[PDB]
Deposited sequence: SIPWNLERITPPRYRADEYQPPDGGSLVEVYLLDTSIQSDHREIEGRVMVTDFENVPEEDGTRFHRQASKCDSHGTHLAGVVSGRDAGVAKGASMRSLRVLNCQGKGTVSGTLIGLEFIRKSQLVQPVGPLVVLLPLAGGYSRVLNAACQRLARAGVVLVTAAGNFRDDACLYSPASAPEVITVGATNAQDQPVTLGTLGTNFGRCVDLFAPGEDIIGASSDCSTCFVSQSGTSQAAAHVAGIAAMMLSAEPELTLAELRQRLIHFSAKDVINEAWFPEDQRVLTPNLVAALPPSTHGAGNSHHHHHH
């Protein structure tokens, strides 16, 4: 009757009809199918684009393929039928190409564009979703830390490398809320021979396996996807809902609310390497009652 992940984040059909309406969520991702019925009118496509050229001289830039990742994530955050925060407005920036590849420099220019946009026309609290990862980057971590210090909430994917999230960015930036992925059995997600990252740089886990969301194959199509990007999108939606109910929350207070309302000790720590079990938070995100 309801996608497993929306039931999982509901404290024990998906009820909130217009959650997160005071918040604007910026998405730095691939292109999006902005006329998909699930997200039409809810996502405003900015003029921002900074992407590297695709690999392979004979690449075919089909819109359904190019838009797959970003369209699904925009749906997870604010989608009409399958979204977490159905009242949140979104603004999309294109920093990933058709193959899902971007650059640290393009991501930096995008984070700057968000701050410039805010200064020109301030609205309510902002949440920035970064469903991407690269190697540890001093400059990307610094840019995230500065935007967080300026009052903006950042949420990122822990990474899908079954490795310590501290070796990746923006996952390793302490000021960013870093999200790992769990499945319907509340266990860490396996993705081929890899899976969710773990360790002290992860703040919490959220549903990230077989997540129903908008499919760019057609204007009413839905598809299931898995990964720490989907888990981060759940936390961006939960944060938009918490900030819309309590708009005066600081970043520290919001982080405290996310931990307090999470389900505790449901993950079997045996999945993580031995030394990472005490360092990895045993928390799965949920909405407040």
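- Not built in the structure, per the record, are deposited positions 13 to 17, 295 to 308.
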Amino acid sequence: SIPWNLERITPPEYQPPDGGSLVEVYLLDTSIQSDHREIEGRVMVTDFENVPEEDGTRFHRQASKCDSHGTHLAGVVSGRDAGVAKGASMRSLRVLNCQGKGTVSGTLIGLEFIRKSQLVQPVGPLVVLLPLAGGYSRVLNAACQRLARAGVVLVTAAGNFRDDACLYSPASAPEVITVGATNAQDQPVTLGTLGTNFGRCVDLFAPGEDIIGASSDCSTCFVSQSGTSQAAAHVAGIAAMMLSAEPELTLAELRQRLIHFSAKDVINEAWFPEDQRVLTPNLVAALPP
From here on, numbers count along this sequence of modelled residues.
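The term rigid core refers to the most C-alpha atoms you can superpose between the two forms while keeping them within 1.5 Å.
- Larger average C-alpha displacement in 5 other deposited structures of this protein, relative to the shown form after a rigid core fit, is seen for 254 to 262 when comparing 237 to 245 with 254 to 262.
- Compared with the other entries of this protein, residue 21 is consistently built, present in every one of those that build its neighbours rather than absent from a third.
- In the comparison with other entries of the same protein, residue 56 is left without coordinates in at least one third of those covering both sides of it.
- The question of which stretch, 135 to 143 or 79 to 87, has the higher mean Cα B factor is settled in favour of 79 to 87.
- Look at the C-alpha B-factors of 237 to 245 and of 258 to 266. On average they run higher in 258 to 266.
- When the C-alpha B factors of 223, 44, 232, 51 are read from the deposited coordinates, the top value falls at 44.
- Between the residues 186, 163, 203, 209, the entry's highest C-alpha temperature factor is the one at 186.
- For residue 112, the recorded CA B-factor ranks within the lowest third of the chain. Only modelled residues enter the ranking.
- In the deposited entry, the Cα temperature factor of residue 174 sits in the top third of values across the chain's modelled residues.
- When all modelled residues of the chain are sorted by CA temperature factor, residue 216 is found within the middle third.
- The PDB entry assigns residue 106 a C-alpha temperature factor belonging to the lowest third of its chain's modelled residues.
- In the deposited entry, the Cα temperature factor of residue 159 places it in the lowest third of its chain's modelled residues.
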